[PDB]
Amino acid sequence: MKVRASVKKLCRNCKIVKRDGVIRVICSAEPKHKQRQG
Amino acid sequence: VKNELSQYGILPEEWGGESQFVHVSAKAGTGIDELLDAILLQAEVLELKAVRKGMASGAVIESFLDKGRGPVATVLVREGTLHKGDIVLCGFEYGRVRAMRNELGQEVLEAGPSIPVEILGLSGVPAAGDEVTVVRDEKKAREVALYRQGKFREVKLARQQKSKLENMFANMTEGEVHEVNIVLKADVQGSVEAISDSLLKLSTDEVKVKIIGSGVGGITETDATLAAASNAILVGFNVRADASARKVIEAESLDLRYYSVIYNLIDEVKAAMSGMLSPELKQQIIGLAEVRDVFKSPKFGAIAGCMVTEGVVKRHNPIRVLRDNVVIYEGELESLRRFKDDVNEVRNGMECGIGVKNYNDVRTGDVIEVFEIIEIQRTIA
Amino acid sequence: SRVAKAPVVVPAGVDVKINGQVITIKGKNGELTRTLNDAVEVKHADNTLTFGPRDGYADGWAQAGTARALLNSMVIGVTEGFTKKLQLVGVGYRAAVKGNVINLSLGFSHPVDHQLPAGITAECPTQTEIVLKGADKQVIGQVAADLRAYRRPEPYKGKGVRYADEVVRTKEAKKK
Amino acid sequence: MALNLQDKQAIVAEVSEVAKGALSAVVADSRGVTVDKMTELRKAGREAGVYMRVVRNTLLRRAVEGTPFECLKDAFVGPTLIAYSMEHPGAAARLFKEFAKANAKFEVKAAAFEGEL
Amino acid sequence: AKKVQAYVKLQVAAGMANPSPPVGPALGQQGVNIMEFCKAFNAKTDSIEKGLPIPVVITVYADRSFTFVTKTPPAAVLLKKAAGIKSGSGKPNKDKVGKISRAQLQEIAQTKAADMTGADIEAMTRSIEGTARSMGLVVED
Amino acid sequence: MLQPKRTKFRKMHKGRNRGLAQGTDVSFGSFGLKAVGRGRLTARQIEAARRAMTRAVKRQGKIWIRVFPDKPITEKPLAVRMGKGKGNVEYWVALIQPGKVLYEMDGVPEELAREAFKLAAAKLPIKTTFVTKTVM
RNA sequence: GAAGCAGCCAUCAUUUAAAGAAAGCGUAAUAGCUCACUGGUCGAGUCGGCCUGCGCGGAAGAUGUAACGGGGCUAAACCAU
């Protein structure tokens, strides 16, 4: 998945949730939107 | 399979009008008994009444060349009793039959009304997929054949007229011309006509690929001579070279391939066209430099002192000397001098000098854009 | 908020045993079904297991709703049981059940023979469906995931192990 | 959203009137289709949006106050999303039969299915 | 009937009739029924008028009296009876092809009020007006 | 880009940045953008920042530009030793003190003016904040 | 196999509780499966920002821990008293 300094978001079905030291981007509708870092 | 062919007009079994289906196994290999009965049953239900004691006729399955037995053809005879002495006319091919030869049993004298038999001893190679008819006399079947040669000359003049009026030009309309030529001989004459069409199918407009001199059978002296005369790749299917081709090949070793599978041939013509293809597209800056303080020199006329403002400057690359979106002067980077000495390369924030042969046109505050050009090599698909 | 602040029900003939901080419910099926507890206070009150924050902690409601969901699921586990059918999409795939192992052939040369814990049991209506029922939602869900692990869903053709509720998420083959 | 105390006042005087009369509706919706209600609507196109409207009015916690004492027989609401109608000629009028023949496909509960006098 | 799972659906007015290939594998799965043109569209004509767009729904079932998806001629009968092609404008357009009025065009297909949902009259005119902005018959304020 | 038309002189002293900015009030915009930090604002920056929000609303509204690049900055070539006279003229800079209103903007809705400065903000090099017109 | 979600155009309104000629998966396309919007149910807090205090990520290097002096500490830190 993507790594970027900013989370930035994409769509309303992107949840935007922390795991440990690492934010993830979890999108039910779209794995293309997947990210970590933040 | 039964349901999916019940979505089409194939006459499906029971739900449709009944082309009968049989369920048997050929990939694994388990009989097939039922299928053999079904094939017989359809042929018994059909009316197959045929002359067994009269005259002979039929079609040519596949034709090829033998180098001890001559041009030959495998001919299925529809109408019974092709005899030992009969005169035959197939299209533009004629002759009295010398002998008849078969793979179920070697020596054939009088044939059935449903069997393929090889014929041998003919004038040229008879076309596959059309009609052989026995005839009254040999002399008359010269005269018909010479009329059919007149017909092939009518088809020759038709194919000669067509190419000029389709696009005005003899060949290529636009100035960016590229072509590939090939010289092709397949062993089977039905094959040579079919796969040559598929090699002219795949072409793009920019690089055009074309057949010159399609052959049947072994490579010969004159076949190698055509690709020596005008550059082309010389290929043959199961076809291979003979001694009089080898004599030309050992002198000038043209592109010579005797082959494996047709897909690799269709790939290698595409590869040849791709190598043929014109190669470059990308134009991208390396550096930008500002001019100040002109000097004069007998080497180049004027010398523009420069300071490179951005990017890298290299000895030979194209340049654009510009002020405010006009190109003031044009060139290729001629002289790169730093401080007092000509040097291979210079990077931004550095004093430079440059002058170009027949440059005397310096204006301070003009800008040089030096730019890199990068090849890409397009590939046909 | 709201459900972490709610007492959870005791349907009689459950064990409802508490001994230190373990909570051990056997009931209407199964055995054991034991959880161990931390900073969630809890009061048995006949028809409920009533919860609250324990002494000096900052995790009131946030530990408690965990315990709320746990002792709920233990009561549901001893009564109803958990999960559903694994279906086999992808032609030629086959499930063979035995009391120890769910064996699958998912295109692999070696047979998988996947072993099943005793608090769960499994079933074959068909050679393609595998149904299972059992004591605990955490353990049965992990077993379904271990089965799902062998051939994961793929959006090109959907081959491998589904649960029959996840998205197909179809992606077109781009020869175009 | 809505402040209940000021909002309910305007509604009840018009809404309550249908219940008081000779007959009142209790039409419902669940696993059917709205396109069939738009079928009953193109029937109500004939009467210009009055008699056969099958009005999916269904509020109870912002509206339909209990001040008249005979209106709560037909005004209960829940699952099976509720709809009203309009009645004037009365005495088992033949206007109903056009609504009636569509009941083959079901479209849940309808007027006088609850067995009241 | 009670099944809408698989069918094929077309517009079949005048010489316009049929989206291009019903003789392909789209309709070649099906069994046969004659009735449904004569059952479904053909109900509503003499209660309304002539100059109506014509949709159709093709399917087959055991009782031979199956459930119509489209109940009716498509709404903009007021435009389509008056002008254009029988299915409609005969071309998509922003502008150019016509105009809509409030002095003489109201009453032309007044009978389609009986099987249009479009109810009392001032909203019934506006409901066909947006359809006519689709078709192209736009008029300045 | 942008530069003064005629020299008082062709080079300048470094100077200092103590004290908060004088120009902190919105003149002509409904909205604008004010600088929280301080720093050097290039002529490439002011060119870029105007270009982006112009493109976004295409031609809607009107902008004012309070900032101006007043003084030059000089810079040394790579090869030269220290000393040997002051560097040559290289670019033009708008030096700003903290609290300076950089841009102002009027003829758009509120959120679109917020977007326009959000877009412009990444072209700007230092910390900024959004402003509303108000009174004395 | 198009009737909102493969295309192109209209860039609007109707019927209407409420529903934009409809945002997605889905269907061969509708439907299926929902959103937007509201009814029933349940039950009190609910939603988005702003100013400041202290953290988290952004954080990859060269002989061996190797950027609290070390052990080691959640007070043996930090802030205020």
# chains A, B, ... in the order shown; residues from 1 in each chain; ligands from 1
call {"tool": "select_by_dssp", "arguments": {"residues": "chain E", "states": "strand (DSSP E)", "output": "list in words"}}
result
residues 8, 9, 10, 11, 55, 56, 57 and 58 of chain E
call {"tool": "residues_around", "arguments": {"residues": "region 34-37 of chain A", "least_positions_apart": "2", "cutoff": "9 Å", "atoms": "only C-alpha atoms (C1' of nucleotides)", "output": "list in words"}}
result
residues 1, 2, 3, 4, 5, 6, 7, 14, 21, 22, 23, 24, 25, 26, 27, 30, 31 and 32 of chain A; 57 and 58 of chain G
call {"tool": "closest_residue", "arguments": {"among": "G:20, G:70, G:45, G:39", "to": "chain C", "atoms": "only C-alpha atoms (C1' of nucleotides)"}}
result
G:45
call {"tool": "interface_residues", "arguments": {"of": "chain D", "to": "chain E", "cutoff": "12 Å", "atoms": "only C-alpha atoms", "output": "PyMOL selection string"}}
result
chain D and resi 32-33+35-53+102+104-106
call {"tool": "write_last_selection", "arguments": {"atoms": "N, CA and C atoms", "output": "short mmCIF file (atom, residue, chain, number, x, y, z; two decimals), in the first residue's frame"}}
result
data_model
loop_
_atom_site.label_atom_id
_atom_site.label_comp_id
_atom_site.auth_asym_id
_atom_site.auth_seq_id
_atom_site.Cartn_x
_atom_site.Cartn_y
_atom_site.Cartn_z
N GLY D 32 -42.95 -5.28 -1.85
CA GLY D 32 -43.68 -5.01 -3.08
C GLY D 32 -42.87 -4.10 -3.95
N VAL D 33 -43.55 -3.26 -4.74
CA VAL D 33 -42.89 -2.22 -5.51
C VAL D 33 -43.71 -0.95 -5.49
N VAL D 35 -43.54 1.10 -7.91
CA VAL D 35 -43.97 1.24 -9.29
C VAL D 35 -45.44 0.83 -9.47
N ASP D 36 -45.89 -0.18 -8.71
CA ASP D 36 -47.30 -0.49 -8.57
C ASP D 36 -48.09 0.57 -7.80
N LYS D 37 -47.52 1.27 -6.79
CA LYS D 37 -48.20 2.45 -6.26
C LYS D 37 -48.26 3.57 -7.29
N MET D 38 -47.21 3.79 -8.11
CA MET D 38 -47.31 4.69 -9.24
C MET D 38 -48.31 4.25 -10.32
N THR D 39 -48.64 2.95 -10.37
CA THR D 39 -49.76 2.40 -11.12
C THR D 39 -51.11 2.86 -10.59
N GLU D 40 -51.29 2.83 -9.27
CA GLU D 40 -52.48 3.35 -8.61
C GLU D 40 -52.56 4.87 -8.65
N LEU D 41 -51.40 5.52 -8.74
CA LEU D 41 -51.24 6.92 -8.99
C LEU D 41 -51.64 7.30 -10.41
N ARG D 42 -51.29 6.54 -11.47
CA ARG D 42 -51.78 6.92 -12.78
C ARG D 42 -53.29 6.68 -12.94
N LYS D 43 -53.88 5.79 -12.11
CA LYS D 43 -55.32 5.72 -11.89
C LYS D 43 -55.85 6.98 -11.21
N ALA D 44 -55.14 7.52 -10.20
CA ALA D 44 -55.51 8.75 -9.54
C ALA D 44 -55.22 10.02 -10.36
N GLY D 45 -54.48 9.90 -11.48
CA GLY D 45 -54.29 10.93 -12.50
C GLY D 45 -55.59 11.34 -13.15
N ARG D 46 -56.53 10.38 -13.27
CA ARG D 46 -57.90 10.55 -13.75
C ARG D 46 -58.70 11.52 -12.88
N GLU D 47 -58.54 11.42 -11.54
CA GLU D 47 -59.23 12.24 -10.57
C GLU D 47 -58.37 13.43 -10.14
N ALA D 48 -57.22 13.63 -10.80
CA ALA D 48 -56.30 14.72 -10.57
C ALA D 48 -55.67 14.75 -9.17
N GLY D 49 -55.25 13.57 -8.66
CA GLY D 49 -54.44 13.48 -7.44
C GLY D 49 -55.21 13.53 -6.14
N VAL D 50 -56.50 13.14 -6.15
CA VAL D 50 -57.37 13.21 -4.98
C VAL D 50 -57.67 11.82 -4.42
N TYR D 51 -58.65 11.08 -5.00
CA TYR D 51 -59.25 9.90 -4.38
C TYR D 51 -58.32 8.70 -4.18
N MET D 52 -57.53 8.32 -5.21
CA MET D 52 -56.77 7.08 -5.20
C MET D 52 -55.27 7.29 -4.95
N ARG D 53 -54.92 8.31 -4.14
CA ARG D 53 -53.55 8.76 -3.96
C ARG D 53 -52.64 7.82 -3.15
N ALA D 102 -55.72 -4.87 -8.40
CA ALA D 102 -54.27 -4.86 -8.29
C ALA D 102 -53.70 -5.72 -7.17
N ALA D 104 -53.76 -8.83 -6.57
CA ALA D 104 -53.25 -10.12 -7.01
C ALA D 104 -51.74 -10.28 -6.75
N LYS D 105 -50.96 -9.20 -6.96
CA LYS D 105 -49.52 -9.13 -6.71
C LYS D 105 -49.19 -8.88 -5.24
N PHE D 106 -50.23 -8.62 -4.42
CA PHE D 106 -50.26 -8.45 -2.97
C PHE D 106 -50.23 -6.98 -2.55
#
call {"tool": "residues_around", "arguments": {"residues": "region 73-86 of chain D", "least_positions_apart": "3", "cutoff": "7 Å", "atoms": "only C-alpha atoms (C1' of nucleotides)", "output": "list in words"}}
result
residues 18, 19, 24, 25, 26, 27, 28, 29, 30, 50, 51, 52, 53, 54, 55, 56, 57, 58 and 70 of chain D; 39 and 40 of chain G
call {"tool": "interface_residues", "arguments": {"of": "chain G", "to": "chain E", "cutoff": "10 Å", "atoms": "only C-alpha atoms (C1' of nucleotides)", "output": "PDB file with N, CA, C and O atoms (P, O5', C5', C4', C3', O3' and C1' of nucleotides), in the first residue's frame"}}
result
ATOM      1  P     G G   1     -28.641  -6.430 -27.375  1.00  0.00           P
ATOM      2  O5'   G G   1     -28.867  -6.767 -25.824  1.00  0.00           O
ATOM      3  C5'   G G   1     -30.235  -7.067 -25.436  1.00  0.00           C
ATOM      4  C4'   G G   1     -30.366  -7.476 -23.956  1.00  0.00           C
ATOM      5  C3'   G G   1     -29.521  -6.740 -22.885  1.00  0.00           C
ATOM      6  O3'   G G   1     -30.079  -5.484 -22.430  1.00  0.00           O
ATOM      7  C1'   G G   1     -29.771  -9.096 -22.453  1.00  0.00           C
ATOM      8  P     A G   2     -31.590  -5.266 -22.013  1.00  0.00           P
ATOM      9  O5'   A G   2     -31.626  -3.737 -21.562  1.00  0.00           O
ATOM     10  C5'   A G   2     -31.914  -2.656 -22.477  1.00  0.00           C
ATOM     11  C4'   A G   2     -31.999  -1.269 -21.777  1.00  0.00           C
ATOM     12  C3'   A G   2     -31.714  -0.111 -22.759  1.00  0.00           C
ATOM     13  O3'   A G   2     -32.473   1.073 -22.469  1.00  0.00           O
ATOM     14  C1'   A G   2     -29.844  -0.468 -21.327  1.00  0.00           C
ATOM     15  P     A G   3     -32.212   2.430 -21.700  1.00  0.00           P
ATOM     16  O5'   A G   3     -33.007   2.178 -20.327  1.00  0.00           O
ATOM     17  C5'   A G   3     -33.179   3.291 -19.406  1.00  0.00           C
ATOM     18  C4'   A G   3     -34.247   3.066 -18.290  1.00  0.00           C
ATOM     19  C3'   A G   3     -33.822   2.030 -17.199  1.00  0.00           C
ATOM     20  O3'   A G   3     -34.390   2.241 -15.884  1.00  0.00           O
ATOM     21  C1'   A G   3     -35.664   1.203 -18.330  1.00  0.00           C
ATOM     22  P     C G   8     -19.441   9.176 -22.406  1.00  0.00           P
ATOM     23  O5'   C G   8     -20.474   9.956 -23.313  1.00  0.00           O
ATOM     24  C5'   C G   8     -20.079  10.217 -24.683  1.00  0.00           C
ATOM     25  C4'   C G   8     -21.247  10.750 -25.503  1.00  0.00           C
ATOM     26  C3'   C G   8     -22.192  11.820 -24.912  1.00  0.00           C
ATOM     27  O3'   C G   8     -21.675  13.165 -25.039  1.00  0.00           O
ATOM     28  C1'   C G   8     -23.470  10.062 -25.793  1.00  0.00           C
ATOM     29  P     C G   9     -21.534  14.056 -23.721  1.00  0.00           P
ATOM     30  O5'   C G   9     -22.972  14.748 -23.673  1.00  0.00           O
ATOM     31  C5'   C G   9     -23.370  15.583 -24.793  1.00  0.00           C
ATOM     32  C4'   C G   9     -24.893  15.594 -25.055  1.00  0.00           C
ATOM     33  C3'   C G   9     -25.802  16.087 -23.932  1.00  0.00           C
ATOM     34  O3'   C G   9     -25.474  17.439 -23.561  1.00  0.00           O
ATOM     35  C1'   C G   9     -26.845  14.302 -25.066  1.00  0.00           C
ATOM     36  P     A G  10     -26.268  18.768 -23.725  1.00  0.00           P
ATOM     37  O5'   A G  10     -27.586  18.477 -22.874  1.00  0.00           O
ATOM     38  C5'   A G  10     -28.874  18.828 -23.443  1.00  0.00           C
ATOM     39  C4'   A G  10     -30.075  18.437 -22.559  1.00  0.00           C
ATOM     40  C3'   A G  10     -30.120  19.098 -21.168  1.00  0.00           C
ATOM     41  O3'   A G  10     -30.681  20.437 -21.250  1.00  0.00           O
ATOM     42  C1'   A G  10     -30.484  16.772 -20.960  1.00  0.00           C
ATOM     43  P     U G  11     -29.907  21.694 -20.654  1.00  0.00           P
ATOM     44  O5'   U G  11     -29.438  21.245 -19.203  1.00  0.00           O
ATOM     45  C5'   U G  11     -30.434  20.977 -18.185  1.00  0.00           C
ATOM     46  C4'   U G  11     -29.855  20.304 -16.917  1.00  0.00           C
ATOM     47  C3'   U G  11     -28.903  21.226 -16.115  1.00  0.00           C
ATOM     48  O3'   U G  11     -29.061  21.089 -14.670  1.00  0.00           O
ATOM     49  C1'   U G  11     -27.751  19.281 -16.771  1.00  0.00           C
ATOM     50  P     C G  12     -29.832  22.226 -13.859  1.00  0.00           P
ATOM     51  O5'   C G  12     -31.353  22.101 -14.339  1.00  0.00           O
ATOM     52  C5'   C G  12     -32.140  20.926 -14.008  1.00  0.00           C
ATOM     53  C4'   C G  12     -33.455  20.880 -14.828  1.00  0.00           C
ATOM     54  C3'   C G  12     -34.778  20.975 -14.056  1.00  0.00           C
ATOM     55  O3'   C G  12     -34.996  22.312 -13.538  1.00  0.00           O
ATOM     56  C1'   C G  12     -34.947  19.494 -15.941  1.00  0.00           C
ATOM     57  P     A G  13     -36.351  22.608 -12.767  1.00  0.00           P
ATOM     58  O5'   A G  13     -36.584  21.300 -11.885  1.00  0.00           O
ATOM     59  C5'   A G  13     -37.840  21.022 -11.216  1.00  0.00           C
ATOM     60  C4'   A G  13     -38.823  20.188 -12.071  1.00  0.00           C
ATOM     61  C3'   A G  13     -40.070  19.580 -11.389  1.00  0.00           C
ATOM     62  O3'   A G  13     -41.024  20.604 -10.999  1.00  0.00           O
ATOM     63  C1'   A G  13     -39.203  18.158 -13.113  1.00  0.00           C
ATOM     64  P     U G  14     -42.383  20.244 -10.241  1.00  0.00           P
ATOM     65  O5'   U G  14     -42.938  18.990 -11.029  1.00  0.00           O
ATOM     66  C5'   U G  14     -43.954  18.107 -10.520  1.00  0.00           C
ATOM     67  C4'   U G  14     -44.267  16.931 -11.485  1.00  0.00           C
ATOM     68  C3'   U G  14     -45.147  15.856 -10.838  1.00  0.00           C
ATOM     69  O3'   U G  14     -46.554  16.201 -10.960  1.00  0.00           O
ATOM     70  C1'   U G  14     -43.301  14.799 -11.929  1.00  0.00           C
ATOM     71  P     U G  15     -47.418  16.238  -9.621  1.00  0.00           P
ATOM     72  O5'   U G  15     -47.521  14.708  -9.204  1.00  0.00           O
ATOM     73  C5'   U G  15     -48.253  13.768 -10.015  1.00  0.00           C
ATOM     74  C4'   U G  15     -47.843  12.315  -9.724  1.00  0.00           C
ATOM     75  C3'   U G  15     -47.965  11.751  -8.308  1.00  0.00           C
ATOM     76  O3'   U G  15     -49.321  11.340  -8.005  1.00  0.00           O
ATOM     77  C1'   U G  15     -45.841  11.213  -9.203  1.00  0.00           C
ATOM     78  P     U G  16     -50.196  12.074  -6.905  1.00  0.00           P
ATOM     79  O5'   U G  16     -49.481  11.577  -5.550  1.00  0.00           O
ATOM     80  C5'   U G  16     -48.437  12.420  -4.988  1.00  0.00           C
ATOM     81  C4'   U G  16     -47.103  11.678  -4.771  1.00  0.00           C
ATOM     82  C3'   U G  16     -46.648  11.401  -3.320  1.00  0.00           C
ATOM     83  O3'   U G  16     -47.198  10.188  -2.768  1.00  0.00           O
ATOM     84  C1'   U G  16     -44.964  12.537  -4.426  1.00  0.00           C
ATOM     85  P     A G  21     -33.911  15.852 -10.372  1.00  0.00           P
ATOM     86  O5'   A G  21     -33.797  14.451 -11.144  1.00  0.00           O
ATOM     87  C5'   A G  21     -34.398  14.263 -12.448  1.00  0.00           C
ATOM     88  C4'   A G  21     -34.215  12.808 -12.945  1.00  0.00           C
ATOM     89  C3'   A G  21     -32.864  12.428 -13.570  1.00  0.00           C
ATOM     90  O3'   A G  21     -31.891  12.136 -12.562  1.00  0.00           O
ATOM     91  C1'   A G  21     -34.686  11.348 -14.700  1.00  0.00           C
ATOM     92  P     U G  27     -23.165  -9.844 -10.703  1.00  0.00           P
ATOM     93  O5'   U G  27     -24.513  -9.600 -11.477  1.00  0.00           O
ATOM     94  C5'   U G  27     -25.761 -10.238 -11.173  1.00  0.00           C
ATOM     95  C4'   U G  27     -26.867  -9.678 -12.085  1.00  0.00           C
ATOM     96  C3'   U G  27     -26.574  -9.731 -13.588  1.00  0.00           C
ATOM     97  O3'   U G  27     -26.796 -11.070 -14.092  1.00  0.00           O
ATOM     98  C1'   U G  27     -27.562  -7.643 -12.988  1.00  0.00           C
ATOM     99  P     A G  28     -25.708 -11.734 -15.038  1.00  0.00           P
ATOM    100  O5'   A G  28     -25.706 -10.780 -16.303  1.00  0.00           O
ATOM    101  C5'   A G  28     -24.577  -9.898 -16.534  1.00  0.00           C
ATOM    102  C4'   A G  28     -24.744  -9.064 -17.816  1.00  0.00           C
ATOM    103  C3'   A G  28     -26.049  -8.234 -17.757  1.00  0.00           C
ATOM    104  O3'   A G  28     -25.901  -6.932 -17.163  1.00  0.00           O
ATOM    105  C1'   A G  28     -26.195  -9.756 -19.535  1.00  0.00           C
ATOM    106  P     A G  29     -24.852  -5.770 -17.392  1.00  0.00           P
ATOM    107  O5'   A G  29     -25.749  -4.473 -17.141  1.00  0.00           O
ATOM    108  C5'   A G  29     -26.161  -3.571 -18.183  1.00  0.00           C
ATOM    109  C4'   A G  29     -27.681  -3.289 -18.229  1.00  0.00           C
ATOM    110  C3'   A G  29     -28.402  -3.050 -16.911  1.00  0.00           C
ATOM    111  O3'   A G  29     -28.123  -1.699 -16.446  1.00  0.00           O
ATOM    112  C1'   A G  29     -29.707  -4.465 -18.352  1.00  0.00           C
ATOM    113  P     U G  30     -28.621  -1.313 -14.983  1.00  0.00           P
ATOM    114  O5'   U G  30     -30.190  -1.517 -15.105  1.00  0.00           O
ATOM    115  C5'   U G  30     -31.024  -1.596 -13.947  1.00  0.00           C
ATOM    116  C4'   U G  30     -32.507  -1.680 -14.330  1.00  0.00           C
ATOM    117  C3'   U G  30     -33.348  -2.035 -13.102  1.00  0.00           C
ATOM    118  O3'   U G  30     -33.677  -0.885 -12.280  1.00  0.00           O
ATOM    119  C1'   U G  30     -33.895  -3.504 -14.827  1.00  0.00           C
ATOM    120  P     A G  31     -33.084  -0.985 -10.782  1.00  0.00           P
ATOM    121  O5'   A G  31     -33.679  -2.358 -10.203  1.00  0.00           O
ATOM    122  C5'   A G  31     -35.081  -2.546  -9.945  1.00  0.00           C
ATOM    123  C4'   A G  31     -35.485  -4.040  -9.902  1.00  0.00           C
ATOM    124  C3'   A G  31     -34.973  -4.807  -8.671  1.00  0.00           C
ATOM    125  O3'   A G  31     -35.802  -4.617  -7.495  1.00  0.00           O
ATOM    126  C1'   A G  31     -34.491  -6.067 -10.575  1.00  0.00           C
ATOM    127  P     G G  32     -35.020  -4.279  -6.141  1.00  0.00           P
ATOM    128  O5'   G G  32     -34.014  -5.522  -5.989  1.00  0.00           O
ATOM    129  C5'   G G  32     -34.443  -6.874  -5.692  1.00  0.00           C
ATOM    130  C4'   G G  32     -33.300  -7.935  -5.799  1.00  0.00           C
ATOM    131  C3'   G G  32     -32.157  -7.831  -4.756  1.00  0.00           C
ATOM    132  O3'   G G  32     -32.452  -8.501  -3.504  1.00  0.00           O
ATOM    133  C1'   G G  32     -31.198  -7.794  -6.827  1.00  0.00           C
TER     134        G G  32
END
call {"tool": "interface_residues", "arguments": {"of": "chain C", "to": "chain A", "cutoff": "12 Å", "atoms": "only C-alpha atoms", "output": "PyMOL selection string"}}
result
chain C and resi 155+166-171
call {"tool": "interface_residues", "arguments": {"of": "chain G", "to": "chain A", "cutoff": "12 Å", "atoms": "only C-alpha atoms (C1' of nucleotides)", "output": "number ranges by chain"}}
result
G: 23-25, 56-59
call {"tool": "residues_around", "arguments": {"residues": "residue 13 (chain E)", "least_positions_apart": "2", "cutoff": "10 Å", "atoms": "only C-alpha atoms (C1' of nucleotides)", "output": "PyMOL selection string"}}
result
chain E and resi 10-11+15-18+51-56+85-88
call {"tool": "residues_around", "arguments": {"residues": "region 61-68 of chain D", "least_positions_apart": "6", "cutoff": "10 Å", "atoms": "only C-alpha atoms (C1' of nucleotides)", "output": "list in words"}}
result
residues 2, 3, 4, 5, 6, 7, 8, 9, 10, 11, 12, 13, 14, 15, 16, 17, 20, 75 and 76 of chain D; 39 and 40 of chain G
call {"tool": "write_last_selection", "arguments": {"atoms": "C-alpha atoms (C1' of nucleotides)", "output": "PDB file, in the first residue's frame"}}
result
ATOM      1  CA  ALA D   2     -37.903  19.822  14.328  1.00  0.00           C
ATOM      2  CA  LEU D   3     -38.972  21.208  17.727  1.00  0.00           C
ATOM      3  CA  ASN D   4     -42.005  18.977  18.495  1.00  0.00           C
ATOM      4  CA  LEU D   5     -43.821  21.436  20.759  1.00  0.00           C
ATOM      5  CA  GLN D   6     -44.143  24.166  18.121  1.00  0.00           C
ATOM      6  CA  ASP D   7     -44.360  21.800  15.096  1.00  0.00           C
ATOM      7  CA  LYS D   8     -47.428  19.582  15.792  1.00  0.00           C
ATOM      8  CA  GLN D   9     -50.039  22.400  15.862  1.00  0.00           C
ATOM      9  CA  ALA D  10     -50.742  22.953  12.121  1.00  0.00           C
ATOM     10  CA  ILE D  11     -50.955  19.250  11.116  1.00  0.00           C
ATOM     11  CA  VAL D  12     -53.681  17.497  13.179  1.00  0.00           C
ATOM     12  CA  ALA D  13     -56.732  19.528  12.113  1.00  0.00           C
ATOM     13  CA  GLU D  14     -56.468  18.405   8.436  1.00  0.00           C
ATOM     14  CA  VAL D  15     -54.999  14.883   9.015  1.00  0.00           C
ATOM     15  CA  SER D  16     -57.574  13.716  11.639  1.00  0.00           C
ATOM     16  CA  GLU D  17     -60.697  14.347   9.453  1.00  0.00           C
ATOM     17  CA  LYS D  20     -63.709  10.466  11.940  1.00  0.00           C
ATOM     18  CA  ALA D  75     -53.895   5.818  12.816  1.00  0.00           C
ATOM     19  CA  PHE D  76     -51.471   3.249  14.377  1.00  0.00           C
TER      20      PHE D  76
ATOM     21  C1'   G G  39     -41.898   6.492   9.126  1.00  0.00           C
ATOM     22  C1'   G G  40     -41.784   2.544  13.156  1.00  0.00           C
TER      23        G G  40
END
call {"tool": "closest_atom_pairs", "arguments": {"of": "chain G", "to": "chain C", "cutoff": "10 Å", "atoms": "only C-alpha atoms (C1' of nucleotides)", "output": "tab-separated table"}}
result
residue	atom	partner	partner_atom	distance
G:25	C1'	C:169	CA	7.3
G:26	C1'	C:168	CA	9.3
G:43	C1'	C:2	CA	8.7
G:44	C1'	C:2	CA	9.2
call {"tool": "atom_distance", "arguments": {"atom1": "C1' of residue 80 (chain G)", "atom2": "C1' of residue 55 (chain G)"}}
result
19.3 Å
call {"tool": "decode", "arguments": {"residues": "region 17-28 of chain A", "atoms": "C-alpha atoms", "output": "compact mmCIF listing (two decimals), in the first residue's frame"}}
result
# COMPACT_ATOMS: atom_id res chain seq x y z
CA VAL A 17 -7.90 4.52 11.48
CA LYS A 18 -4.82 4.11 13.69
CA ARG A 19 -2.93 0.85 14.28
CA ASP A 20 -0.07 1.13 16.80
CA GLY A 21 2.44 3.78 15.58
CA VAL A 22 0.87 3.69 12.13
CA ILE A 23 -2.26 5.29 10.64
CA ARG A 24 -3.90 3.20 7.94
CA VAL A 25 -6.45 4.05 5.28
CA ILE A 26 -9.13 1.43 5.12
CA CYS A 27 -11.66 1.76 2.34
CA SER A 28 -14.51 -0.75 2.13
